[PDB]
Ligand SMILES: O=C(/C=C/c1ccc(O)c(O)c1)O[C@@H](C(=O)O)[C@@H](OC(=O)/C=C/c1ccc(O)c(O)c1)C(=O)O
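Quick setup: one chain, the form solved without the ligand, written in structure tokens, and binding and motion questions come after.
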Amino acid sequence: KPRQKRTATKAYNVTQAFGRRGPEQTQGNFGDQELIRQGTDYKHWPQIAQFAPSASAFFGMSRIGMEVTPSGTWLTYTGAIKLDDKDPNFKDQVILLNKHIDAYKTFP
């Protein structure tokens, strides 16, 4: 599948599908070791995926651009998704997301 359509699982994990996590621009930085190994099989995946955009919202919310560079033509995207401060589960949603953001710094 094209990269953007891949679904990571235990059989095809986040590193396999999307590369090692790291700090570089355009390199993914999200996932602790458990999520990296399990992808969508991770047992708290639904609580992560509630923040992922639909295809319509991806194109509706984001700033989209196109860059032609020596490596190819790239669709660029930026945006932000607001957590619901009134959701009783808000504090747990913050904990969960923070557990994965830049987790790779703490392990080889």
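In this text, residue numbers run from 1 along the sequence as written.
What follows is about the form deposited with the ligand bound, which we do not show.
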query: Partner proximity in the entry with it bound: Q33 to the ligand, non-hydrogen atom cutoff 4.5 Å; finding: yes
query: Contact of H100 with the ligand in the entry with it bound (heavy atom, 4.5 Å); finding: no
query: Contact test in the entry with it bound: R20 vs the ligand, heavy atoms, 4.5 Å; finding: yes
query: Close approach of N89 to the ligand in the entry with it bound, 4.5 Å, heavy atom; finding: no
query: Members of 54 to 92 lying within 4.5 angstroms of the ligand, judged by heavy atom, in the entry with it bound; finding: none
